[PDB]
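Trainee: Just passing along the structure, written as structure tokens.
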Amino acid sequence: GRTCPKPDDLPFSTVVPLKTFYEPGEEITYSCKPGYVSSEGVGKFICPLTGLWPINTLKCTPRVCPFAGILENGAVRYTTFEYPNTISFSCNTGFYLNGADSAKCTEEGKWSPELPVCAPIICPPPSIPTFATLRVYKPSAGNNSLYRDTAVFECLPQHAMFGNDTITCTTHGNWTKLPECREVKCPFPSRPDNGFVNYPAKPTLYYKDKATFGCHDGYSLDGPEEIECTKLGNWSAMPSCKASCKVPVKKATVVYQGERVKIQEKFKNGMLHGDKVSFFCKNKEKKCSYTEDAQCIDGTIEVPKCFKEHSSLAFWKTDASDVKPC
Ligand SMILES: *[C@@H]1O[C@H](CO[C@@H]2O[C@@H](C)[C@@H](O)[C@@H](O)[C@@H]2O)[C@@H](O[C@@H]2O[C@H](CO)[C@@H](O[C@H]3O[C@H](CO)[C@@H](O)[C@H](O)[C@@H]3O)[C@H](O)[C@H]2NC(C)=O)[C@H](O)[C@H]1NC(C)=O
Ligand SMILES: *[C@@H]1O[C@H](CO[C@@H]2O[C@@H](C)[C@@H](O)[C@@H](O)[C@@H]2O)[C@@H](O[C@@H]2O[C@H](CO)[C@@H](O)[C@H](O)[C@H]2NC(C)=O)[C@H](O)[C@H]1NC(C)=O
Ligand SMILES: *[C@@H]1O[C@H](CO)[C@@H](O)[C@H](O)[C@H]1NC(C)=O
Ligand SMILES: *[C@@H]1O[C@H](CO)[C@@H](O)[C@H](O)[C@H]1NC(C)=O
């Protein structure tokens with residue numbers, strides 16, 4: 001036409017002055033938005049006598065921040081690297097991020113905040129507990145320790161450790177929880193009736209001291225032969241001597257453990273405490289046999305009622321340890 005119209009909207013730029021119509025000869029100026037720099041094309045335009053605006057060669061491109069794609073011992077998500085995009089940071093295993101985790105490209109093309117660096121996780125020398133010693137320790141960095149390094153603790157003699165003995169240098173630079181060495185003592189073990197006890201000749205008995213028990217002839221043990229002084233001050237177990245019992249009835253085949261045995265032959269020297277045997281009893285309902293057990297209890301063994309016993313010489317009847325049924 002003869003009056004030029006509103007200029008074309010150009011991306012990332014602004015036009016001054018901006019009017020719906022211009023007269024021929026009026027001037028408009030394209031200027032890129034902040035953070036965008038002008039490259040190809042020229043901005044200033046003058047209205048021709050014909051209404052048509054000249055073709056626009058101007059191209060505003062975003063300002064480019066310095067390359068930040070390499071983080072030594074780190075990983076960076078970055079995509080574009082130009083205004084106004086942001087980049088993120090991370091570190092590899094054993095490394096902590098020494099600075100801001102995200103940076104942004106400003107209008108001036110300067111990263112803000114400044115770019116971080118990854119630094120190794122370093123752990124201070126471990127502090128030994130009061131009653132403990134350092135069994136092994138290897139400092140990787142100077143006297144300090146790196147990520148996942150270990151120290152193990154050895155308690156002093158006559159002391160008992162509470163808590164795990166291994167400490168790892170963690171991700172946050174602090175050692176894991178430390179064990180405690182305490183001095184614990186154990187009271188003297190009382191001698192068992194009909195038996196003897198042995199311990200070393202010391203005024204006081206401390207941790208892991210062990211006493212050995214015994215019993216005289218005719219008496220067995222119903223506990224562990226060797227007991228130990230545990231971490232809590234009380235002994236591993238208290239054992240006692242329990243009375244062996246006599247063979248209750250001579251001439252009878254009973255069941256000891258898996259197989260069938262004759263009592264008189266199997267326990268010539270008498271039963272021990274807790275030994276379980278089972279007797280055979282006739283049942284006159286269908287003339288079958290069943291099995292009832294009995295066991296020694298500190299010298300007294302109770303024969304089942306159904307055991308009716310007869311002498312072998314009196315072979316008038318059968319020994320009722322016969323038909324398997326029932
Ligand atoms: C060793 O330090 C660990 C970390 O504690 C903190 O770490 C520094 C980086 C710093 O922030 C400072 O304030 C502390 O020293 C202690 O462990 C815990 O670790 C948690 C797991 O990372 C953590 O918490 C997070 O998880 C919980 C549960 O999911 C969330 O509710 C919480 O918001 C966190 O995301 C926290 O850092 C820490 N918490 C506590 C109560 O300790 C650890 O105890 C310590 N060990 C020793 C022996 O001192
Ligand atoms: C040795 O002692 C531990 C510690 O428990 C004791 O219980 C108190 C009543 C008192 O006697 C203190 O000396 C101790 O704190 C015994 O462990 C206990 O076992 C049972 C199992 O449930 C129960 O009483 C408690 O849960 C346990 N104690 C704790 C602190 O949890 C242990 O039985 C004792 N004997 C032996 C052989 O270890
Ligand atoms: C390590 O050893 C001792 C610790 O007491 C100290 O004097 C020394 O300066 C330390 N050096 C380094 C590099 O950590
Ligand atoms: C705790 O001690 C046990 C030894 O009984 C060990 O196997 C375990 O690894 C220790 N805990 C940790 C976290 O290492």
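Starting from 1 in every chain, residues are counted up; chains themselves are A, B, ... following the order of the structure tokens, and ligands are numbered from 1 as listed.
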Residues within 12 Å of residue 74 (chain A), please, as a PyMOL selection string. Count only C-alpha atoms; anything in the same chain fewer than 6 positions from it doesn't count.

Mentor: chain A and resi 68+88-98+101+115-120

Trainee: What would the file look like if the residues just selected were written as an mmCIF file, in the first residue's frame with N, CA and C atoms?

Mentor:
data_model
loop_
_atom_site.group_PDB
_atom_site.id
_atom_site.type_symbol
_atom_site.label_atom_id
_atom_site.label_comp_id
_atom_site.auth_asym_id
_atom_site.auth_seq_id
_atom_site.Cartn_x
_atom_site.Cartn_y
_atom_site.Cartn_z
ATOM 1 N N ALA A 68 30.926 -26.161 30.074
ATOM 2 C CA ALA A 68 30.952 -26.705 31.424
ATOM 3 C C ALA A 68 30.539 -28.167 31.415
ATOM 4 N N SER A 88 23.014 -29.121 35.724
ATOM 5 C CA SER A 88 23.059 -29.761 37.029
ATOM 6 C C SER A 88 24.378 -30.506 37.191
ATOM 7 N N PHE A 89 24.750 -30.750 38.446
ATOM 8 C CA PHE A 89 26.019 -31.385 38.763
ATOM 9 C C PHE A 89 25.807 -32.572 39.693
ATOM 10 N N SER A 90 26.732 -33.524 39.605
ATOM 11 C CA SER A 90 26.782 -34.673 40.496
ATOM 12 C C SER A 90 28.231 -35.131 40.579
ATOM 13 N N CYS A 91 28.522 -35.965 41.572
ATOM 14 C CA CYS A 91 29.866 -36.487 41.764
ATOM 15 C C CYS A 91 29.856 -38.010 41.736
ATOM 16 N N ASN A 92 31.029 -38.573 41.460
ATOM 17 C CA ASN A 92 31.210 -40.013 41.444
ATOM 18 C C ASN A 92 31.311 -40.550 42.870
ATOM 19 N N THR A 93 31.345 -41.876 42.983
ATOM 20 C CA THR A 93 31.440 -42.511 44.290
ATOM 21 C C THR A 93 32.737 -42.114 44.984
ATOM 22 N N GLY A 94 32.647 -41.883 46.293
ATOM 23 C CA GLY A 94 33.779 -41.428 47.068
ATOM 24 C C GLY A 94 34.065 -39.946 46.975
ATOM 25 N N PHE A 95 33.236 -39.184 46.266
ATOM 26 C CA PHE A 95 33.439 -37.755 46.077
ATOM 27 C C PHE A 95 32.210 -36.987 46.539
ATOM 28 N N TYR A 96 32.443 -35.853 47.193
ATOM 29 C CA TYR A 96 31.386 -34.930 47.575
ATOM 30 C C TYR A 96 31.482 -33.670 46.725
ATOM 31 N N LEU A 97 30.337 -33.027 46.510
ATOM 32 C CA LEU A 97 30.255 -31.873 45.624
ATOM 33 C C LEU A 97 30.623 -30.610 46.395
ATOM 34 N N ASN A 98 31.726 -29.979 46.002
ATOM 35 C CA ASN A 98 32.244 -28.803 46.699
ATOM 36 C C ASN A 98 31.754 -27.540 45.990
ATOM 37 N N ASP A 101 25.026 -27.158 43.385
ATOM 38 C CA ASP A 101 24.672 -28.308 42.563
ATOM 39 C C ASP A 101 24.026 -27.924 41.239
ATOM 40 N N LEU A 115 31.219 -22.485 38.964
ATOM 41 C CA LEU A 115 31.116 -23.918 38.727
ATOM 42 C C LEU A 115 31.776 -24.698 39.859
ATOM 43 N N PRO A 116 31.116 -25.715 40.402
ATOM 44 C CA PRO A 116 31.694 -26.480 41.509
ATOM 45 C C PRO A 116 32.756 -27.456 41.020
ATOM 46 N N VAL A 117 33.449 -28.051 41.988
ATOM 47 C CA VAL A 117 34.392 -29.132 41.738
ATOM 48 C C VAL A 117 34.047 -30.288 42.666
ATOM 49 N N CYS A 118 34.305 -31.507 42.199
ATOM 50 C CA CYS A 118 34.177 -32.682 43.047
ATOM 51 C C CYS A 118 35.476 -32.903 43.807
ATOM 52 N N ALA A 119 35.351 -33.180 45.100
ATOM 53 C CA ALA A 119 36.483 -33.421 45.976
ATOM 54 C C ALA A 119 36.307 -34.761 46.673
ATOM 55 N N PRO A 120 37.402 -35.452 46.981
ATOM 56 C CA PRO A 120 37.281 -36.774 47.601
ATOM 57 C C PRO A 120 36.756 -36.690 49.024
#

Trainee: Compute the set of protein, DNA and RNA residues whose minimum atom distance to ligand 2 is at most 12 Å, using only C-alpha atoms and all ligand atoms, and state it as number ranges by chain.

Mentor: A: 186, 223-224, 227-239

Trainee: For the residues selected in the previous step, produce a file with N, CA, C and O atoms as a PDB file, in the first residue's frame.

Mentor:
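Listing of result_5.pdb after writing:
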ATOM      1  N   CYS A 186      33.254 -62.040  86.835  1.00  0.00           N
ATOM      2  CA  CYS A 186      32.281 -63.093  87.043  1.00  0.00           C
ATOM      3  C   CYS A 186      32.390 -63.660  88.453  1.00  0.00           C
ATOM      4  O   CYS A 186      33.501 -63.865  88.955  1.00  0.00           O
ATOM      5  N   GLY A 223      24.700 -80.843  82.042  1.00  0.00           N
ATOM      6  CA  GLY A 223      25.027 -79.587  81.414  1.00  0.00           C
ATOM      7  C   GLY A 223      26.347 -79.660  80.673  1.00  0.00           C
ATOM      8  O   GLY A 223      26.990 -80.713  80.608  1.00  0.00           O
ATOM      9  N   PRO A 224      26.777 -78.538  80.098  1.00  0.00           N
ATOM     10  CA  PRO A 224      28.053 -78.528  79.374  1.00  0.00           C
ATOM     11  C   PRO A 224      29.226 -78.757  80.314  1.00  0.00           C
ATOM     12  O   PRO A 224      29.242 -78.274  81.449  1.00  0.00           O
ATOM     13  N   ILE A 227      32.072 -74.355  80.924  1.00  0.00           N
ATOM     14  CA  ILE A 227      31.256 -73.154  80.846  1.00  0.00           C
ATOM     15  C   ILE A 227      32.176 -71.944  80.737  1.00  0.00           C
ATOM     16  O   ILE A 227      33.372 -72.006  81.038  1.00  0.00           O
ATOM     17  N   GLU A 228      31.598 -70.826  80.304  1.00  0.00           N
ATOM     18  CA  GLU A 228      32.352 -69.620  79.998  1.00  0.00           C
ATOM     19  C   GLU A 228      31.719 -68.424  80.695  1.00  0.00           C
ATOM     20  O   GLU A 228      30.510 -68.399  80.945  1.00  0.00           O
ATOM     21  N   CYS A 229      32.549 -67.435  81.017  1.00  0.00           N
ATOM     22  CA  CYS A 229      32.088 -66.196  81.635  1.00  0.00           C
ATOM     23  C   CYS A 229      31.737 -65.214  80.523  1.00  0.00           C
ATOM     24  O   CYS A 229      32.623 -64.731  79.809  1.00  0.00           O
ATOM     25  N   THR A 230      30.449 -64.917  80.376  1.00  0.00           N
ATOM     26  CA  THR A 230      29.971 -64.140  79.244  1.00  0.00           C
ATOM     27  C   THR A 230      30.133 -62.642  79.498  1.00  0.00           C
ATOM     28  O   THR A 230      30.647 -62.201  80.531  1.00  0.00           O
ATOM     29  N   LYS A 231      29.672 -61.849  78.528  1.00  0.00           N
ATOM     30  CA  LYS A 231      29.818 -60.399  78.569  1.00  0.00           C
ATOM     31  C   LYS A 231      28.943 -59.753  79.634  1.00  0.00           C
ATOM     32  O   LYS A 231      29.250 -58.642  80.082  1.00  0.00           O
ATOM     33  N   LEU A 232      27.867 -60.416  80.048  1.00  0.00           N
ATOM     34  CA  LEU A 232      26.887 -59.819  80.944  1.00  0.00           C
ATOM     35  C   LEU A 232      27.149 -60.130  82.411  1.00  0.00           C
ATOM     36  O   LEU A 232      26.338 -59.756  83.263  1.00  0.00           O
ATOM     37  N   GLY A 233      28.257 -60.799  82.730  1.00  0.00           N
ATOM     38  CA  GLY A 233      28.613 -61.085  84.100  1.00  0.00           C
ATOM     39  C   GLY A 233      28.132 -62.419  84.627  1.00  0.00           C
ATOM     40  O   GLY A 233      28.712 -62.930  85.592  1.00  0.00           O
ATOM     41  N   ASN A 234      27.087 -62.996  84.039  1.00  0.00           N
ATOM     42  CA  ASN A 234      26.637 -64.319  84.441  1.00  0.00           C
ATOM     43  C   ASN A 234      27.245 -65.391  83.541  1.00  0.00           C
ATOM     44  O   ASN A 234      27.583 -65.145  82.380  1.00  0.00           O
ATOM     45  N   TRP A 235      27.404 -66.585  84.106  1.00  0.00           N
ATOM     46  CA  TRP A 235      28.123 -67.647  83.425  1.00  0.00           C
ATOM     47  C   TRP A 235      27.299 -68.210  82.269  1.00  0.00           C
ATOM     48  O   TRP A 235      26.084 -68.012  82.178  1.00  0.00           O
ATOM     49  N   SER A 236      27.993 -68.916  81.371  1.00  0.00           N
ATOM     50  CA  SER A 236      27.339 -69.507  80.207  1.00  0.00           C
ATOM     51  C   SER A 236      26.204 -70.433  80.626  1.00  0.00           C
ATOM     52  O   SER A 236      25.108 -70.391  80.056  1.00  0.00           O
ATOM     53  N   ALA A 237      26.453 -71.276  81.624  1.00  0.00           N
ATOM     54  CA  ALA A 237      25.437 -72.177  82.145  1.00  0.00           C
ATOM     55  C   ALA A 237      25.901 -72.689  83.497  1.00  0.00           C
ATOM     56  O   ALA A 237      27.100 -72.719  83.790  1.00  0.00           O
ATOM     57  N   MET A 238      24.938 -73.080  84.326  1.00  0.00           N
ATOM     58  CA  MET A 238      25.260 -73.773  85.562  1.00  0.00           C
ATOM     59  C   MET A 238      24.933 -75.249  85.391  1.00  0.00           C
ATOM     60  O   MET A 238      23.801 -75.600  85.020  1.00  0.00           O
ATOM     61  N   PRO A 239      25.908 -76.135  85.552  1.00  0.00           N
ATOM     62  CA  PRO A 239      25.623 -77.567  85.445  1.00  0.00           C
ATOM     63  C   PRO A 239      25.606 -78.256  86.800  1.00  0.00           C
ATOM     64  O   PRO A 239      26.262 -77.811  87.747  1.00  0.00           O
TER      65      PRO A 239
END

Trainee: Per DSSP on the backbone, what are the alpha helix (DSSP H) residues of region 67-271 of chain A, as a list in words?

Mentor: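 Selection result, alpha helix (DSSP H) within region 67-271 of chain A: residues 263, 264, 265 and 266 of chain A.
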
Trainee: Could you save those same residues with C-alpha atoms as a short mmCIF file (atom, residue, chain, number, x, y, z; two decimals), in the first residue's frame?

Mentor:
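Writing done, so here's result33.cif:
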data_model
loop_
_atom_site.label_atom_id
_atom_site.label_comp_id
_atom_site.auth_asym_id
_atom_site.auth_seq_id
_atom_site.Cartn_x
_atom_site.Cartn_y
_atom_site.Cartn_z
CA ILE A 263 18.10 -103.58 79.65
CA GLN A 264 20.33 -105.88 81.70
CA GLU A 265 22.92 -106.04 78.92
CA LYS A 266 22.65 -102.48 77.60
#

Trainee: So which one's closest to ligand 1, A:27, A:159, A:257, A:121? Using only C-alpha atoms and all ligand atoms, please.

Mentor: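 The answer is A:121, which sits nearest to ligand 1.
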
Trainee: Using only C-alpha atoms and all ligand atoms, which residues have at least one atom no more than 7 Å from ligand 1? Output them as a ChimeraX atom specification.

Mentor: /A:172,174-177

Trainee: Write the selection just made, keeping C-alpha atoms, as a short mmCIF file (atom, residue, chain, number, x, y, z; two decimals), in the first residue's frame?

Mentor:
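Dumped to result-v8.cif:
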data_model
loop_
_atom_site.label_atom_id
_atom_site.label_comp_id
_atom_site.auth_asym_id
_atom_site.auth_seq_id
_atom_site.Cartn_x
_atom_site.Cartn_y
_atom_site.Cartn_z
CA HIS A 172 29.18 -38.00 55.12
CA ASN A 174 31.85 -39.51 59.89
CA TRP A 175 32.90 -42.92 61.17
CA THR A 176 30.23 -45.46 62.03
CA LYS A 177 29.19 -46.00 65.64
#

Trainee: For the structure I just gave you, how does DSSP split region 71-263 of chain A - specifically, which residues are strand (DSSP E or B)? Reply as a PyMOL selection string.

Mentor: chain A and resi 71+74-77+82+86-91+95-98+102-105+111-112+117-120+123+132-137+141+144-145+150-155+160-162+166-169+175+180-182+185-186+195-198+205-206+210-215+219-221+226-229+235+241-243+245+253-256+260-262

Trainee: Hey, could you make a per-residue contact list for chain A against ligand 3 with 7 Å as the cut-off, showing the nearest pair of atoms and its distance in Å to one decimal, counting only C-alpha atoms and all ligand atoms, sorted by chain and number, as a Markdown table?

Mentor:
| residue | atom | partner | partner_atom_place_in_ligand_line | distance |
| --- | --- | --- | --- | --- |
| A:142 | CA | ligand 3 | 14 (O) | 4.2 |
| A:143 | CA | ligand 3 | 14 (O) | 4.6 |
| A:144 | CA | ligand 3 | 14 (O) | 6.6 |

Trainee: Would you list the contacts of residue 180 (chain A) as a ChimeraX atom specification, taking every protein, DNA or RNA residue within 7 Å and counting only C-alpha atoms, but skipping same-chain residues closer than 5 positions in sequence?

Mentor: /A:129,161-163

Trainee: I need the residue nearest residue 291 (chain A) from this list: A:324, A:250, A:104, A:202. Use only C-alpha atoms for the distance.

Mentor: A:324

Trainee: For the contact check between chain A and ligand 4, emit one row per residue of chain A within 12 Å, containing the shortest atom pair and the distance in Å rounded to one decimal, counting only C-alpha atoms and all ligand atoms, chain then rising number order, as a tab-separated table.

Mentor:
residue	atom	partner	partner_atom_place_in_ligand_line	distance
A:148	CA	ligand 4	14 (O)	10.8
A:149	CA	ligand 4	14 (O)	11.6
A:150	CA	ligand 4	14 (O)	9.5
A:151	CA	ligand 4	14 (O)	10.9
A:152	CA	ligand 4	2 (O)	10.3
A:153	CA	ligand 4	2 (O)	11.5
A:161	CA	ligand 4	2 (O)	11.5
A:162	CA	ligand 4	2 (O)	10.8
A:163	CA	ligand 4	1 (C)	7.9
A:164	CA	ligand 4	1 (C)	4.8
A:165	CA	ligand 4	2 (O)	6.6
A:166	CA	ligand 4	14 (O)	6.2
A:167	CA	ligand 4	14 (O)	7.5
A:168	CA	ligand 4	14 (O)	7.9
A:169	CA	ligand 4	13 (C)	11.3
A:170	CA	ligand 4	13 (C)	11.1
A:175	CA	ligand 4	13 (C)	11.8
A:176	CA	ligand 4	13 (C)	8.8
A:177	CA	ligand 4	13 (C)	10.0
A:178	CA	ligand 4	1 (C)	11.2
A:179	CA	ligand 4	1 (C)	10.5

Trainee: Would you write out those residues with N, CA, C and O atoms, as a JSON list (two decimals), in the first residue's frame?

Mentor:
[["chain", "number", "residue", "atom", "x", "y", "z"],
["A", 148, "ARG", "N", 34.78, -45.70, 52.47],
["A", 148, "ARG", "CA", 34.69, -47.15, 52.66],
["A", 148, "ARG", "C", 35.99, -47.75, 53.19],
["A", 148, "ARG", "O", 36.21, -48.96, 53.06],
["A", 149, "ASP", "N", 36.86, -46.95, 53.80],
["A", 149, "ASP", "CA", 37.98, -47.50, 54.54],
["A", 149, "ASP", "C", 37.49, -48.06, 55.87],
["A", 149, "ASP", "O", 36.43, -47.69, 56.38],
["A", 150, "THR", "N", 38.29, -48.96, 56.45],
["A", 150, "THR", "CA", 37.89, -49.67, 57.65],
["A", 150, "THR", "C", 38.95, -49.58, 58.73],
["A", 150, "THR", "O", 40.15, -49.48, 58.45],
["A", 151, "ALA", "N", 38.49, -49.62, 59.97],
["A", 151, "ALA", "CA", 39.33, -49.83, 61.14],
["A", 151, "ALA", "C", 38.63, -50.84, 62.04],
["A", 151, "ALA", "O", 37.40, -50.80, 62.19],
["A", 152, "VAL", "N", 39.40, -51.76, 62.62],
["A", 152, "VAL", "CA", 38.84, -52.74, 63.54],
["A", 152, "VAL", "C", 39.47, -52.51, 64.91],
["A", 152, "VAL", "O", 40.61, -52.07, 65.03],
["A", 153, "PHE", "N", 38.69, -52.79, 65.95],
["A", 153, "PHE", "CA", 39.09, -52.51, 67.32],
["A", 153, "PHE", "C", 39.27, -53.80, 68.10],
["A", 153, "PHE", "O", 38.43, -54.71, 68.00],
["A", 161, "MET", "N", 33.88, -56.48, 74.58],
["A", 161, "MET", "CA", 33.40, -55.48, 73.62],
["A", 161, "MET", "C", 31.89, -55.53, 73.49],
["A", 161, "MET", "O", 31.29, -56.61, 73.39],
["A", 162, "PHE", "N", 31.27, -54.35, 73.48],
["A", 162, "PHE", "CA", 29.85, -54.19, 73.20],
["A", 162, "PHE", "C", 29.71, -53.33, 71.96],
["A", 162, "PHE", "O", 30.21, -52.20, 71.93],
["A", 163, "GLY", "N", 29.06, -53.86, 70.93],
["A", 163, "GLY", "CA", 28.95, -53.20, 69.65],
["A", 163, "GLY", "C", 29.91, -53.78, 68.63],
["A", 163, "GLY", "O", 30.87, -54.49, 68.95],
["A", 164, "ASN", "N", 29.64, -53.48, 67.36],
["A", 164, "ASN", "CA", 30.45, -54.04, 66.28],
["A", 164, "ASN", "C", 31.86, -53.48, 66.33],
["A", 164, "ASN", "O", 32.07, -52.31, 66.68],
["A", 165, "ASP", "N", 32.83, -54.32, 65.99],
["A", 165, "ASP", "CA", 34.24, -53.95, 66.05],
["A", 165, "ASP", "C", 34.74, -53.26, 64.78],
["A", 165, "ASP", "O", 35.86, -52.74, 64.78],
["A", 166, "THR", "N", 33.95, -53.24, 63.72],
["A", 166, "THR", "CA", 34.36, -52.69, 62.43],
["A", 166, "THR", "C", 33.68, -51.35, 62.20],
["A", 166, "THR", "O", 32.45, -51.24, 62.34],
["A", 167, "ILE", "N", 34.46, -50.34, 61.84],
["A", 167, "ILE", "CA", 33.95, -49.02, 61.49],
["A", 167, "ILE", "C", 34.35, -48.72, 60.06],
["A", 167, "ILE", "O", 35.51, -48.91, 59.68],
["A", 168, "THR", "N", 33.38, -48.26, 59.26],
["A", 168, "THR", "CA", 33.63, -47.82, 57.90],
["A", 168, "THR", "C", 33.57, -46.30, 57.85],
["A", 168, "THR", "O", 32.76, -45.68, 58.55],
["A", 169, "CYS", "N", 34.42, -45.69, 57.03],
["A", 169, "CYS", "CA", 34.29, -44.27, 56.76],
["A", 169, "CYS", "C", 33.11, -44.07, 55.82],
["A", 169, "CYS", "O", 33.09, -44.60, 54.70],
["A", 170, "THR", "N", 32.11, -43.31, 56.27],
["A", 170, "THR", "CA", 30.84, -43.24, 55.57],
["A", 170, "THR", "C", 30.84, -42.15, 54.50],
["A", 170, "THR", "O", 31.85, -41.49, 54.24],
["A", 175, "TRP", "N", 32.76, -41.49, 60.93],
["A", 175, "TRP", "CA", 32.90, -42.92, 61.17],
["A", 175, "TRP", "C", 31.60, -43.50, 61.72],
["A", 175, "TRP", "O", 30.81, -42.80, 62.35],
["A", 176, "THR", "N", 31.39, -44.79, 61.47],
["A", 176, "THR", "CA", 30.23, -45.46, 62.03],
["A", 176, "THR", "C", 30.37, -45.58, 63.55],
["A", 176, "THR", "O", 31.43, -45.37, 64.12],
["A", 177, "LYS", "N", 29.25, -45.94, 64.18],
["A", 177, "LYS", "CA", 29.19, -46.00, 65.64],
["A", 177, "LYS", "C", 30.28, -46.93, 66.19],
["A", 177, "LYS", "O", 30.59, -47.97, 65.60],
["A", 178, "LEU", "N", 30.87, -46.53, 67.33],
["A", 178, "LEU", "CA", 32.05, -47.19, 67.84],
["A", 178, "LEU", "C", 31.70, -48.15, 68.97],
["A", 178, "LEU", "O", 30.74, -47.94, 69.71],
["A", 179, "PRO", "N", 32.47, -49.23, 69.12],
["A", 179, "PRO", "CA", 32.22, -50.18, 70.20],
["A", 179, "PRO", "C", 32.74, -49.66, 71.54],
["A", 179, "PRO", "O", 33.55, -48.73, 71.61]]

Trainee: So what do you get for CA of residue 9 (chain A) versus CA of residue 24 (chain A), distance-wise?

Mentor: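 Going from CA of residue 9 (chain A) over to CA of residue 24 (chain A) covers 19.7 Å.
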